[PDB]
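Residue numbers (the authors' numbering), protein chains in the order written: chain E, 32 to 58, 65 to 142, 151 to 184, 189 to 309, 312 to 322, 322A, 323 to 402, 412 to 505; chain L, 1 to 30, 30A to 30D, 31 to 107; chain D, 520 to 545, 570 to 664; chain H, 1 to 52, 52A to 52C, 53 to 82, 82A to 82C, 83 to 100, 100A to 100C, 101 to 112.
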Amino acid sequence: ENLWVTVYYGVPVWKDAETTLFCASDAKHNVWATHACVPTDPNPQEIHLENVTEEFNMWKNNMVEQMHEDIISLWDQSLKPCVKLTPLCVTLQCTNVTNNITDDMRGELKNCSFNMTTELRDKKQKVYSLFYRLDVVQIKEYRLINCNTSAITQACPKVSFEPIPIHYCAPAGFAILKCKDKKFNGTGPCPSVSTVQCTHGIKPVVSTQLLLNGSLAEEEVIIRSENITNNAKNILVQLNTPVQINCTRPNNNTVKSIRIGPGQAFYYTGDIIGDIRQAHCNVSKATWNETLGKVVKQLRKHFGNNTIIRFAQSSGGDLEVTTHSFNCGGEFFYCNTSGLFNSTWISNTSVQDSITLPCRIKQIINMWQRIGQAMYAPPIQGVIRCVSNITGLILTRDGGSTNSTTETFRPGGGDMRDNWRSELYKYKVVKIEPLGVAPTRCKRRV
Amino acid sequence: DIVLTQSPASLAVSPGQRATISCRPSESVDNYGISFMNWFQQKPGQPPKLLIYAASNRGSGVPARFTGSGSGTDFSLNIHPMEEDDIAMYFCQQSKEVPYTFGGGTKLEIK
Amino acid sequence: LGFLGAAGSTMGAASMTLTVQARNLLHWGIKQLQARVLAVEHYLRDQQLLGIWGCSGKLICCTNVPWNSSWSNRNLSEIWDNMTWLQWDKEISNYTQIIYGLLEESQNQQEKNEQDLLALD
Amino acid sequence: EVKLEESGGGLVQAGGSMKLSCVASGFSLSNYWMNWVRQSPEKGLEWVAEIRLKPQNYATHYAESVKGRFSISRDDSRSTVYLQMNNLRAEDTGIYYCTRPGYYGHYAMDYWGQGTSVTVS
Ligand SMILES: *[C@@H]1O[C@H](CO)[C@@H](O[C@@H]2O[C@H](CO)[C@@H](O[C@@H]3O[C@H](CO)[C@@H](O)[C@H](O[C@H]4O[C@H](CO)[C@@H](O)[C@H](O)[C@@H]4O)[C@@H]3O)[C@H](O)[C@H]2NC(C)=O)[C@H](O)[C@H]1NC(C)=O
Ligand SMILES: *[C@@H]1O[C@H](CO)[C@@H](O[C@@H]2O[C@H](CO)[C@@H](O[C@@H]3O[C@H](CO)[C@@H](O)[C@H](O)[C@@H]3O)[C@H](O)[C@H]2NC(C)=O)[C@H](O)[C@H]1NC(C)=O
Ligand SMILES: *[C@@H]1O[C@H](CO)[C@@H](O[C@@H]2O[C@H](CO)[C@@H](O)[C@H](O)[C@H]2NC(C)=O)[C@H](O)[C@H]1NC(C)=O
Ligand SMILES: *[C@@H]1O[C@H](CO)[C@@H](O[C@@H]2O[C@H](CO)[C@@H](O)[C@H](O)[C@H]2NC(C)=O)[C@H](O)[C@H]1NC(C)=O
Ligand SMILES: *[C@@H]1O[C@H](CO)[C@@H](O[C@@H]2O[C@H](CO)[C@@H](O)[C@H](O)[C@H]2NC(C)=O)[C@H](O)[C@H]1NC(C)=O
Ligand SMILES: *[C@@H]1O[C@H](CO)[C@@H](O[C@@H]2O[C@H](CO)[C@@H](O)[C@H](O)[C@H]2NC(C)=O)[C@H](O)[C@H]1NC(C)=O
Ligand SMILES: *[C@@H]1O[C@H](CO)[C@@H](O[C@@H]2O[C@H](CO)[C@@H](O)[C@H](O)[C@H]2NC(C)=O)[C@H](O)[C@H]1NC(C)=O
Ligand SMILES: *[C@@H]1O[C@H](CO)[C@@H](O[C@@H]2O[C@H](CO)[C@@H](O)[C@H](O)[C@H]2NC(C)=O)[C@H](O)[C@H]1NC(C)=O
Ligand SMILES: *[C@@H]1O[C@H](CO)[C@@H](O[C@@H]2O[C@H](CO)[C@@H](O)[C@H](O)[C@H]2NC(C)=O)[C@H](O)[C@H]1NC(C)=O
Ligand SMILES: *[C@@H]1O[C@H](CO)[C@@H](O[C@@H]2O[C@H](CO)[C@@H](O)[C@H](O)[C@H]2NC(C)=O)[C@H](O)[C@H]1NC(C)=O
Ligand SMILES: *[C@@H]1O[C@H](CO)[C@@H](O)[C@H](O)[C@H]1NC(C)=O
Ligand SMILES: *[C@@H]1O[C@H](CO)[C@@H](O)[C@H](O)[C@H]1NC(C)=O
Ligand SMILES: *[C@@H]1O[C@H](CO)[C@@H](O)[C@H](O)[C@H]1NC(C)=O
Ligand SMILES: *[C@@H]1O[C@H](CO)[C@@H](O)[C@H](O)[C@H]1NC(C)=O
Ligand SMILES: *[C@@H]1O[C@H](CO)[C@@H](O)[C@H](O)[C@H]1NC(C)=O
Ligand SMILES: *[C@@H]1O[C@H](CO)[C@@H](O)[C@H](O)[C@H]1NC(C)=O
Ligand SMILES: *[C@@H]1O[C@H](CO)[C@@H](O)[C@H](O)[C@H]1NC(C)=O
Ligand SMILES: *[C@@H]1O[C@H](CO)[C@@H](O)[C@H](O)[C@H]1NC(C)=O
Ligand SMILES: *[C@@H]1O[C@H](CO)[C@@H](O)[C@H](O)[C@H]1NC(C)=O
Ligand SMILES: *[C@@H]1O[C@H](CO)[C@@H](O)[C@H](O)[C@H]1NC(C)=O
Ligand SMILES: *[C@@H]1O[C@H](CO)[C@@H](O)[C@H](O)[C@H]1NC(C)=O
Ligand SMILES: *[C@@H]1O[C@H](CO)[C@@H](O)[C@H](O)[C@H]1NC(C)=O
Ligand SMILES: *[C@@H]1O[C@H](CO)[C@@H](O)[C@H](O)[C@H]1NC(C)=O
């Protein structure tokens, strides 16, 4: 008959919105969020939302920006108690190196000495220490790298850099939606959606050109990008298998220290015991060979058949983006990935045991590529061994060719937000709106 | 454009004898150490059929009697034994570059 | 029928769960405090709006404001049995402010006056 | 089993226009490159057009002999390929074929449709 306005409250309707999510962790000193975080839900509840086709868009996901800002802020807070090395910027005369040497790139290791300050304002002390070539620039007389651009802070020796899984949880009135659909490319409608109070834990792993210790694709290698036609964009590749990599530093370095001023001390590399050798990483050849074949097959689906796919090392740019960054034992390594990407594919096999890559060590680093800031890592005593799994790749189109039967890819990197996206693409945040109206016929007495 | 020369314009071959057809690209088909010449067979009333790819690899369903040869700018097709079933036009193709080009369409017949 | 499990169901079926939904509506220190404060202000504003409508004591209520036939060209039983609340909210999204204003203006303004006369007697 | 079916052929007056079509079957069109060639006893085989996939921005290429008078396009949602032509010349008379590049890194016309006659006068 006559339809009337009715009011309902508690109606299950939501709208897209951004809100701050709060971190939680199962985790004693560490640079990571564990100090800011609260205890986790050990078994987060998941409720499937049936008959829901909610759209996801990882490229517009603001959770990425929140994660990035929190990680940087935490990194900085961990350094505020730590020792400043301003007195360290000195003449640094160097005398080459003497030992039982199998060496490295020639001149990679340097023996240097200087006048360092002491506990009393009235006195100075003569010291010597070893430096890597990357740490020192010639003015013989030398200058510590970046003394002419920034202050250098020593990382605290007692604080771990080991990744800690971080969970993110919604505030009341908000919910986190998760896409369960297999082989999702990160955009468009998701066929299967569920609601969780919190995300699965995400580790703050930092690496370049290759993604380490991330999640694996459930069935097949997944290739995604913001704009497949734009050569500028990075292409993220998620593997459905791990590839194990064995990295080591054989040199048996020793550690010595000097008290500087009343409140602080400086740590430096001492004499090296035994033969001096190049740092390196071992990747299984058979495993890598299979892995590339899986990636190539998926590339062909996107770029079509009848294409010759070639891989190559980066053509240029700084060490920070042209090599693979690691953090193992607190030492920072830069490894040359050439030989992993050195191939051409035609017949679903290459046209042509293990692969060993050379690595370099640098003590002066800038993790977020910020201008005017730098950190000095302390030396780690003894031999380092580190084994990890490669879980994905960052590739860019180099040739971009449409005028030929060929295409060439090279490793990408330098933008950390793309690492965060490899885990966060699954999630979306929405706001709950409980109020609504309907026509149902009814009346109310006055 | 790359000019693909093919000869003879035609040849008659007696049964059981070897046929030979040659092609001379103005620029080599080779790339990545691999030849890019294709060979096709055609009969009236039908579309062309691929017999050889990469100047040496027989296609699916292709009998042993057909073989490719050569490298650089000098390639040839050798058919043996010749049979009536092999009477056809034959074409070379250069797949290395756009535009793709075709050969002379040499006629092979029984003598 | 867990939290928001109702969203997949048709509008009529969803009414079974309104209580379930209601239960879930309610440097670093700044982020924590601002999130909590904003959640509270939003919560209170919805209750204030119901209080203006006179429906603050109920999850479900009826009003005496007539439905405009132009707001949606659908049958009543069609809406309740053939649609989800997510779909329904989109179809009338252009008219929500109009309906809210009518509830406040066209009905509750009159009832308060009649009640004053009855109470006066 | 891969099949290609040509259509839209026939006699057209010179200076006129027509559209040829090819129906893909047995394979995913969206995952594959497509090509057109033509034949005449006067000339033998001649390549005329190629069309690329989405990462390639659907770029197209034409032989100089047909460029600017011919256009190639595809509809991935219908599994079809079209060849549009205009400003037709008697020189364009011949048999047109829908083709597929086949073997990888060894681009070759592994598959052909039956083709269709086009006559210009
Ligand atoms: C990706 O994850 C894998 C799996 O976790 C990881 O491989 C493992 O890394 C951990 C951490 O480096 C290794 O655990 C080490 O074990 C040695 C044993 O001698 C400990 O000494 C290490 O440090 C402890 O002891 C130090 C003594 O000075 C303390 O200072 C320090 O704070 C620790 O208490 C540490 O526990 C583990 O053995 C490997 N697993 C292997 C090699 O199979 C991999 O490294 C991760 N990848 C990346 C890039 O992080
Ligand atoms: C990841 O996959 C999703 C689908 O699961 C992609 O969304 C869909 O992409 C296709 C191809 O672009 C869209 O098809 C359309 O074709 C018409 C022409 O027929 C064209 O005009 C449109 O612009 C579009 O290309 C399809 O509509 C689209 N679906 C939705 C809901 O938008 C998504 O693009 C993929 N992401 C990447 C980076 O490839
Ligand atoms: C501080 O010194 C470094 C070198 O130690 C300067 O970096 C150099 O800049 C020149 C000019 O562009 C390059 O040719 C050198 O190759 C750079 N050296 C290195 C190691 O990259 C840096 O510019 C100086 N900073 C300031 C503010 O002058
Ligand atoms: C680096 O050079 C210094 C200076 O030559 C070496 O230290 C010297 O070692 C000899 C032998 O014990 C002493 O006689 C000198 O007095 C030391 N010089 C000092 C303490 O200033 C140092 O051993 C060298 N390091 C390496 C790894 O060879
Ligand atoms: C990476 O591979 C190289 C080459 O196999 C390893 O070098 C060998 O190390 C073993 C250690 O017992 C020696 O016995 C071999 O003689 C070495 N081979 C050489 C020098 O050619 C290297 O140890 C591997 N790295 C890791 C971390 O396993
Ligand atoms: C990296 O090191 C690990 C050991 O830490 C290697 O795994 C072992 O490999 C040997 C054979 O070389 C097996 O006998 C052991 O049983 C393995 N240990 C396991 C499986 O726990 C691994 O192969 C090395 N990776 C590379 C690429 O050399
Ligand atoms: C990774 O290593 C390869 C060599 O294995 C480097 O290639 C050489 O780079 C130098 C740079 O001065 C060139 O002079 C050489 O001609 C290159 N060799 C070849 C064969 O091309 C490559 O540059 C290294 N990558 C990085 C980022 O350092
Ligand atoms: C990339 O791969 C090529 C091919 O393997 C490498 O070139 C080869 O270098 C070795 C050195 O002993 C020669 O024996 C081969 O004949 C070369 N192959 C050629 C020329 O086709 C090249 O050095 C690799 N680049 C690296 C490792 O940076
Ligand atoms: C890549 O191509 C090769 C050559 O066609 C494939 O090798 C053949 O695969 C078929 C089907 O499994 C087998 O029946 C043949 O015996 C294989 N020939 C061999 C092993 O010499 C190969 O399987 C293809 N790879 C993929 C992943 O499809
Ligand atoms: C693109 O190339 C692949 C190569 O595998 C084609 O895959 C064919 O897959 C079917 C089974 O689905 C096999 O019977 C064929 O033998 C495969 N062909 C070859 C040459 O390996 C695929 O069909 C090609 N294009 C499309 C659209 O599938
Ligand atoms: C989806 O709707 C169907 C009726 O079309 C209903 O049976 C089902 O419960 C809904 N969602 C489910 C079953 O997960
Ligand atoms: C080490 O000696 C080499 C000899 O070539 C020289 O080139 C290099 O500069 C030296 N390294 C130093 C002094 O750090
Ligand atoms: C370095 O090599 C010399 C021989 O050249 C040897 O006598 C000396 O002991 C070695 N030093 C070591 C192994 O520490
Ligand atoms: C310390 O400074 C004095 C200044 O005369 C210099 O002679 C001496 O070599 C310096 N010691 C070093 C650099 O180790
Ligand atoms: C990719 O970049 C091209 C550049 O022409 C643009 O036309 C296209 O819209 C982009 N695709 C997107 C943003 O999805
Ligand atoms: C490394 O140095 C330590 C110092 O205590 C020594 O015990 C160990 O044997 C050395 N390792 C070698 C020489 O391989
Ligand atoms: C990689 O594996 C393929 C088989 O999947 C093999 O044919 C090829 O020779 C391998 N490449 C090597 C061992 O370098
Ligand atoms: C990756 O490496 C870590 C650390 O060794 C290990 O715990 C995890 O199981 C590995 N993932 C695999 C092997 O899939
Ligand atoms: C194709 O050629 C044009 C110039 O004619 C060039 O600008 C283009 O980069 C080439 N390929 C692509 C993908 O741009
Ligand atoms: C119903 O809507 C029409 C416009 O479609 C409007 O003219 C009319 O005044 C409305 N009736 C009300 C608001 O009572
Ligand atoms: C509403 O019901 C009428 C019959 O009263 C029917 O004719 C019409 O199709 C219905 N409208 C719908 C289902 O949208
Ligand atoms: C709702 O009505 C439409 C009318 O086309 C029908 O197709 C659909 O199946 C109906 N949904 C139901 C009955 O759940
Ligand atoms: C609601 O407003 C939007 C504005 O884009 C319009 O497209 C849509 O048709 C409107 N709905 C109705 C029922 O008028």
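All residues carry an ideal CB built from backbone N, CA and C; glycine is no exception.
| Query | Result |
| --- | --- |
| Beta-ladder partner(s) of residue 45/H, from DSSP | 39/H |
| Within the stretch 453-484 of chain E, ranges of the alpha helix (DSSP H) (whole runs, at least 4 residues) | 476-483 |
| Interface residues of chain D facing residue 87/E [CB-CB closer than 9 Å] | 524, 526, 527, 528 |
| Residue 419/E Cβ short of 7 Å to ligand 12 heavy atom set | no |
| Neighbouring residues, chain L, relative to residue 467/E (Cβ below 8 Å) | The contacting residues do not exist; residue 467/E stays about 12 Å from chain L at best. |
| Opposing strand residues paired with residue 71/L [DSSP bridges] | 23/L, 66/L |
| Contact set for residue 340/E: own chain, Cβ-Cβ below 6 Å, skip 5 residues either direction | none |
| Status (buried if at least 16 other CB within 10 Å, exposed otherwise) for residue 466/E | buried |
| Pair within 8 Å by beta-carbon distance, residue 586/D and residue 545/D | yes |
| Burial state of residue 354/E (16 or more Cβ within 10 Å) | buried |
| As assigned by DSSP and simplified to three states, the class of residue 353/E | helix |
| Cα-Cα separation between residue 63/H and residue 232/E, rounded to whole angstroms | 42 Å |
| Cβ neighbour criterion (16 or more within 10 Å) applied to residue 419/E | buried |
| Any non-hydrogen atom of ligand 12 within 7 Å of residue 279/E CB | no |
| Among 83/H, 93/H, 69/H, 100C/H, nearest to residue 79/H - alpha-carbon criterion | 69/H |
| Length-filtered (3 minimum) beta strand (DSSP E) runs lying within the stretch 329-378 of chain E | 330-334, 358-361, 374-378 |
| Nearest neighbour of residue 347/E, chosen from 325/E, 335/E, 396/E [CA to CA] | 396/E |
| Inter-residue spacing [alpha-carbon to alpha-carbon] between residue 324/E and residue 217/E | 48 Å |
| Test item: CB-CB of residue 243/E and residue 83/E under 8 Å | yes |
| Cβ-Cβ separation, residue 32/L to residue 44/L (assumed contact under 8 Å), whole Å | Not quite, the Cβ-Cβ distance comes to about 17 Å (not below 8 Å), so this is no contact. |
| Inter-residue spacing [alpha-carbon to alpha-carbon] between residue 490/E and residue 46/E | 5 Å |
| Residue 654/D beta carbon less than 8 Å from that of residue 505/E | yes |
| CA-to-CA distance, residue 17/H to residue 88/L, given in whole angstroms | 32 Å |
| Beta strand (DSSP E) segments (min. 3 residues) lying fully within the stretch 263-303 of chain E | 271-273, 284-298 |
| Extent of the continuous alpha helix (DSSP H) run through residue 568/D | Residue numbering in chain D jumps from 545 to 570; residue 568/D, which lies between, is not modelled. |
| Any non-hydrogen atom of ligand 18 within 7 Å of residue 447/E CB | yes |
| heavy atom of ligand 23 below 7 Å from residue 551/D C-beta | Because chain D is numbered from 545 directly to 570, the model contains no atoms for residue 551/D. |
| Residue 372/E: CB within 7 Å of a non-hydrogen atom of ligand 7 | yes |
| heavy atom of ligand 16 below 7 Å from residue 300/E C-beta | no |
| Whether residue 434/E touches residue 424/E by CB criterion (8 Å) | yes |
| Residues in the stretch 348-362 of chain E having any Cβ partner in chain H nearer than 8 Å | 350, 351, 352, 353, 354, 355, 356, 357, 358 |
| Contact set between residue 33/E and chain D, taken where Cβ atoms lie within less than 9 Å | 609, 610 |
| When 399/E, 415/E, 402/E, 381/E are compared against residue 387/E, the one with the closest alpha-carbon | 415/E |
| Where residue 431/E sits in the DSSP three-state scheme | coil |
| C-beta neighbour in chain D for residue 225/E, strict 8 Å | no |
| Beta-carbon proximity check, residue 55/H vs residue 51/H, cutoff 8 Å | yes |
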